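In what follows, a single structure is set out as structure tokens and then discussed.
Cβ atoms come from the backbone with ideal geometry, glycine included; neighbour counts cover every protein chain shown. Derivation of every value follows stated rules applied to the coordinates shown; laboratory data play no part.
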Amino acid sequence: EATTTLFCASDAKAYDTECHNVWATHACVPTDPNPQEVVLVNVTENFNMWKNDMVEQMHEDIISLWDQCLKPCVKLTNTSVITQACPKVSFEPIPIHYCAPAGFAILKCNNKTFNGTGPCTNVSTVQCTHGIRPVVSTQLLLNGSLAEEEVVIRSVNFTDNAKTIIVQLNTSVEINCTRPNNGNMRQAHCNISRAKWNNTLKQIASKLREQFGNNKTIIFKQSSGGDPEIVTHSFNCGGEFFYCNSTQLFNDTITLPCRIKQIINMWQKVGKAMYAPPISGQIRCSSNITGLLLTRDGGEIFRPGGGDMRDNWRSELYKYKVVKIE
Amino acid sequence: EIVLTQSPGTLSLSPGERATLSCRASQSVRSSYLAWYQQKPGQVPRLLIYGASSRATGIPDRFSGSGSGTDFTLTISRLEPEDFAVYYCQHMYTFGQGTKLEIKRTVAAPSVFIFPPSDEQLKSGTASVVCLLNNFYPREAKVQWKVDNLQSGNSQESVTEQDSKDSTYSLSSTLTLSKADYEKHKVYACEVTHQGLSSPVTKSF
Amino acid sequence: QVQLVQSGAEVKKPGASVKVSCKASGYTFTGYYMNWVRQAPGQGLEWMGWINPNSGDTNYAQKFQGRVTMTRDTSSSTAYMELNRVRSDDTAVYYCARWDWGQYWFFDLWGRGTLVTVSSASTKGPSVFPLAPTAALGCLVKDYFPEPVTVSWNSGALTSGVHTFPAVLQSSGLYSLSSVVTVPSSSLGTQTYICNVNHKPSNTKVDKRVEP
Ligand SMILES: *[C@@H]1O[C@H](CO)[C@@H](O[C@H]2O[C@H](CO)[C@@H](O[C@@H]3O[C@H](CO)[C@@H](O)[C@H](O)[C@@H]3O)[C@H](O)[C@H]2NC(C)=O)[C@H](O)[C@H]1NC(C)=O
Ligand SMILES: *[C@@H]1O[C@H](CO)[C@@H](O)[C@H](O)[C@H]1NC(C)=O
Ligand SMILES: *[C@@H]1O[C@H](CO)[C@@H](O)[C@H](O)[C@H]1NC(C)=O
Ligand SMILES: *[C@@H]1O[C@H](CO)[C@@H](O)[C@H](O)[C@H]1NC(C)=O
Ligand SMILES: *[C@@H]1O[C@H](CO)[C@@H](O)[C@H](O)[C@H]1NC(C)=O
Ligand SMILES: *[C@@H]1O[C@H](CO)[C@@H](O)[C@H](O)[C@H]1NC(C)=O
Ligand SMILES: *[C@@H]1O[C@H](CO)[C@@H](O)[C@H](O)[C@H]1NC(C)=O
Ligand SMILES: *[C@@H]1O[C@H](CO)[C@@H](O)[C@H](O)[C@H]1NC(C)=O
Ligand SMILES: [N+]
Ligand SMILES: [N+]
């Protein structure tokens, strides 16, 4: 029941000029030819999403990716300033397999309705985890994994309001974001189905009602305040950062307004960073919403959360634990 | 745009002395995706080290790779006459320019010889006179062809590998020219310059 | 018996397509990646691509993308690689290696190697010329194609002091080399010397004599 260094693995193409593919070629090995998935019968082991080392490993690997592969022209910190060159490149998330090292293996809870902390009835050991697209997003979750059975809620403590609440989507909700060329290039927009989103939101509301018995008809609202990275739906699309306003979602064809920001609050450290002007023409990005990051206002009223990308990796690495062979 | 630069370009050492080859990478490379191969002249590259610092299955103990980050090192203590070969530094897909290793030896004098073209060759329309420098160690000798008082652009030279027996090199330079211009001139000479040679030895016919 | 057997040497013209096959026998074919590496004559190594024999997904470098196509045959346990728009720069020795998926990246097995030669000239046999005269004596193997040539002295009887120099390509595209030997005067006068030149690509055996 120990922990050690893992190594990334992905079926990356060495000839493509997509940023992710470059770093993968020279920092991650190809995929395992034969997948060794063994189902252990009558095994009970306690998993813990939040005190897991795999999350910090994935966090560290991603940090290096963005730096070496999506570099900022001007970085800003209270103490220091660093100026450098940032060449424009393409950027489309690819899947990454985080394999366990020779001598160790990963235990996998193979039941959808697993809360995240506690014993698992059915556990299966696999040598490599499944491909996890490393998408950095705020508020919303994108290109993620869907819950097989039904929507699931996960958190360290429903009693403590400060702790974030993570939700895994039931059916992938598609969102199609584009900045069309006419003028003012910042103005953009995302489009999302109104009826589909309303149904998914009602489903999450029902799950939250199950968490808090009496089922006080609750309503969602925009984040109170703070830096715009957590208040607004932010995500990287086509190499340019988009800060889309999620005011319509939390309350026809819903359409959100977006704005390409040059300066943004970087999540690697405590500081700011600036990037070059935007690309001139059509930018197209269509992703599958597969969950959300929400927090509870004390007093139930819920507001979007996020900002700390470690939770996103927990959402994807919740059923996986690294242990030693016997 | 990653390139592994191996240094030194050409290392020269004698048996018994520990030699260290360095391989520097532009970007900070992963710690466990590094390997070192040895290729003896005219054979398939042999796998010496893998994982930066780990002897492969069966590799002798004297070999030892080490180093992390952008700078890596391949160490060979107690050089034996068989370890003197080409060494390459490989990180996943990118190989290094290569590092040529040579057995140190005392400077030897170049046995200079010049051979005329066979009469049968002149009957074909071309003429090839050969100038041979045999058994000389430094590897940097220069052979100049001059019809009495200089030629250029038509002299092909070839060097043999390190002689296995006496650890010395041999060079043969051939300058081919037409037959008409051959009969036109009369004084052909081959000058040789070499450290071990006090003066530039000139052999001619 | 756990061997990586490659195909024989090939001679191609500019613009043709070359296909070299690497057959592996003795170990489980599908379970290990098959990598293709080439080495130009007298230069460093260069990885070209690899193929996953189990699933068949391939990977090539940017320099090759578009004109290299890799295939595998599970039935006969072989892996073929094809390279289109061949050019003089592609002349090299192609090796194939086997890597079993793991933490570390390394080439455990190496094939004997396949020699691909690309040039305009056609296959031509060598022309042997004597270099007549402790003195020396040698022979000149001039105007021959392709590269593979072997020189022996007195049918393998003479060995000591022999030096066969690496071939050099002439402006006409035909290679040329020289093989010389050092012989004292007594042996040069009492013992006859002959050059045995074998150019297998053209099935050319030559036995020339050298005398003062
Ligand atoms: C999750 O999944 C999507 C891919 O499966 C991905 O998609 C989109 O993102 C990229 C830009 O990030 C677009 O890719 C571009 O396509 C244009 C048009 O050919 C290229 O010219 C351009 O250089 C680049 O390849 C994708 O085309 C678009 N998906 C589709 C169908 O168009 C999502 O972005 C990803 N989620 C997140 C947050 O990135
Ligand atoms: C598992 O999660 C459920 C809520 O979905 C909760 O009732 C239960 O107490 C949790 N058990 C443990 C050990 O965390
Ligand atoms: C979780 O809530 C319980 C009280 O219900 C408390 O005992 C425990 O200390 C809390 N842990 C955290 C991290 O809030
Ligand atoms: C994005 O727009 C709609 C859904 O909002 C749909 O047609 C499709 O998912 C996307 N459009 C195209 C051309 O792909
Ligand atoms: C969630 O999935 C279950 C079926 O497994 C279904 O009962 C429920 O209606 C689904 N809700 C949504 C929004 O898909
Ligand atoms: C988002 O939209 C609402 C109404 O349009 C507005 O009140 C709010 O200030 C907007 N927030 C941002 C960051 O644009
Ligand atoms: C969101 O709901 C509030 C009332 O609760 C309303 O004022 C506002 O107009 C709504 N926004 C949209 C886009 O419908
Ligand atoms: C600079 O100042 C504050 C406090 O020192 C800090 O929280 C912030 O992260 C730093 N970077 C900024 C404001 O861009
Ligand atoms: N996968
Ligand atoms: N962001």
Notebook entry, point to check: Of these, A:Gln262, A:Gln187, A:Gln268, which one is over 17 Å from A:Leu140 (Cα atoms) and loosely packed, with under 15 Cβ neighbours inside 10 Å?
Noted result: A:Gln187
Notebook entry, point to check: Mind checking whether some residue in the stretch A:112-131 is more than 16 Å from ligand 7 (Cβ to nearest atom), closer than 20 Å to A:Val22 by Cα, under 18 Å from the mean Cα position of the chain (by Cα) and not basic (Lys, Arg)?
Noted result: yes
Next item on the list: Report whether or not A:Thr164 is in contact with a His (Cβ under 8 Å, 6 or more places away or on another chain) and either more than 16 Å from ligand 8 (Cβ to nearest atom) or more than 14 Å from chain C (Cβ to nearest Cβ) (or both).
Entry: no
Notebook entry, point to check: Inside the stretch A:289-324, can you point out the residues that are within 16 Å of the chain's Cα centre (by Cα) and among the acidic types (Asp, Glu)?
Noted result: A:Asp308, A:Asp311, A:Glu316
Check: Where in the stretch A:37-148 are the strands (runs of 3 or more DSSP E), entirely inside, with at least 1 residues that are within 16 Å of ligand 8 (Cβ to nearest atom)?
Finding: A:74-76, A:81-83
Check: Inside the stretch A:317-326, can you point out the residues that are surrounded by fewer than 20 Cβ atoms within 10 Å (Cβ to Cβ) and not in a loop (DSSP other than H, G, I, E, B)?
Finding: A:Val323, A:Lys324
Check: What number of residues within the stretch B:59-84 are more than 23 Å from B:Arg30 (Cα to Cα) and among the small types (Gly, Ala, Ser)?
Finding: 1
Notebook entry, point to check: Do we have any residue at all in the stretch C:129-137 that's surrounded by fewer than 17 Cβ atoms within 10 Å (Cβ to Cβ), within 13 Å of chain B (Cβ to nearest Cβ) and in a strand (DSSP E or B)?
Noted result: yes
Next item on the list: Check off (1) part of a strand (DSSP E or B); (2) more than 16 Å from the chain's Cα centre (by Cα); (3) within 14 Å of chain C (Cβ to nearest Cβ) for B:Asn134 and give me the number that stays unchecked.
Entry: (2)
Next item on the list: Among the strands (runs of 3 or more DSSP E) lying completely within the stretch B:140-182, list those that include at least 2 residues that are among the aliphatic types (A, V, I, L, M).
Entry: B:169-178
Note to self: Condition first: surrounded by 15 or more Cβ atoms within 10 Å (Cβ to Cβ), under 17 Å from A:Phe235 (Cβ atoms) and either within 13 Å of ligand 5 (Cβ to nearest atom) or among the acidic types (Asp, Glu) (or both). Now tell me which residues in the stretch A:168-184 satisfy that.
What the structure shows: A:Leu169, A:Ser172, A:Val173
Check: Filter the stretch A:149-165 for residues that are in contact with an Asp or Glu (Cβ under 9 Å, 6 or more places away or on another chain) and in a loop (DSSP other than H, G, I, E, B); which is farthest from ligand 6 (Cβ to nearest atom)?
Finding: A:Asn161
Next item on the list: Search the stretch A:293-315 for residues being within 12 Å of A:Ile230 (Cα to Cα) and away from ligand 7 (no atom under 16 Å from the Cβ), and hand back the single one that is surrounded by the fewest Cβ atoms within 10 Å (Cβ to Cβ).
Entry: A:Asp308
Next item on the list: Could you list all residues from the stretch C:22-43 that are over 14 Å from C:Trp99 (Cα atoms) and either more than 16 Å from the chain's Cα centre (by Cα) or surrounded by fewer than 17 Cβ atoms within 10 Å (Cβ to Cβ) (or both)?
Entry: C:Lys23, C:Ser25, C:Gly26, C:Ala40, C:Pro41, C:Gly42, C:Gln43
Next item on the list: Looking for whichever is in contact with a helix residue (DSSP H, G or I) (Cβ under 7 Å, 6 or more places away or on another chain) and more than 16 Å from ligand 5 (Cβ to nearest atom) here; the options are A:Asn251, A:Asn265. Which one fits?
Entry: A:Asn265
Note to self: Out of A:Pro277, A:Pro304, I need the residue that is within 16 Å of ligand 10 (Cβ to nearest atom) and not charged (D, E, K, R). Which one?
What the structure shows: A:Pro304
Check: Taking C:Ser152 and the conditions (1) in a strand (DSSP E or B); (2) more than 13 Å from chain B (Cβ to nearest Cβ); (3) over 19 Å from C:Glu211 (Cα atoms), which numbered condition does it fall short on, given that it satisfies the others?
Finding: (3)
Note to self: For the stretch A:36-54, which positions are in contact with a strand residue (DSSP E or B) (Cβ under 7 Å, 6 or more places away or on another chain) and either under 28 Å from C:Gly31 (Cβ atoms) or facing chain C (nearest Cβ under 10 Å) (or both)?
What the structure shows: A:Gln36, A:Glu37, A:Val38, A:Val39, A:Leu40, A:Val43, A:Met54
Check: Taking the stretch C:167-212 on its own, how many of its residues are in a strand (DSSP E or B), more than 10 Å from chain B (Cβ to nearest Cβ) and among the polar types (S, T, N, Q)?
Finding: 3
Item checked: Selected residue (criterion: farthest from B:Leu48 (Cα to Cα)) from residues of the stretch C:61-118 that are small (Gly, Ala, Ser) and crowded, with 19+ Cβ neighbours inside 10 Å -> C:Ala79
Item checked: Single condition A:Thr171 does not satisfy, out of (1) assigned to a loop (DSSP other than H, G, I, E, B); (2) within 16 Å of ligand 4 (Cβ to nearest atom) -> (1)
Checklist line | Selection from the stretch A:73-93 of residues that are out of contact with any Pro (no Cβ under 8 Å at 6 or more places or on another chain) and within 18 Å of A:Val135 (Cα to Cα) | finding: A:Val89, A:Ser90, A:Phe91, A:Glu92
Checklist line | Scan of the stretch B:38-78 for residues that are hydroxyl-bearing (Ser, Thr, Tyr) and closer than 27 Å to C:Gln6 by Cβ, ordered by number | finding: B:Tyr50, B:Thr57
Check: Taking the condition in a loop (DSSP other than H, G, I, E, B), within 22 Å of the chain's Cα centre (by Cα) and within 11 Å of chain C (Cβ to nearest Cβ), does A:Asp16 pass?
Finding: no
Checklist line | Checking A:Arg314 against (1) outside any loop (DSSP other than H, G, I, E, B); (2) touching a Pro at 6+ places or on another chain (Cβ under 9 Å), the condition it does not meet | finding: (2)
Checklist line | Matching strands (runs of 3 or more DSSP E) fully within the stretch B:32-100 where at least 2 residues are acidic (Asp, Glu) and surrounded by 17 or more Cβ atoms within 10 Å (Cβ to Cβ) | finding: none
Notebook entry, point to check: Tally time: how many residues in the stretch A:149-196 are of a type in the set (A, V, I, L, M, F, W, C), within 16 Å of ligand 2 (Cβ to nearest atom) and touching a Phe, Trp or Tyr at 6+ places or on another chain (Cβ under 7 Å)?
Noted result: 1
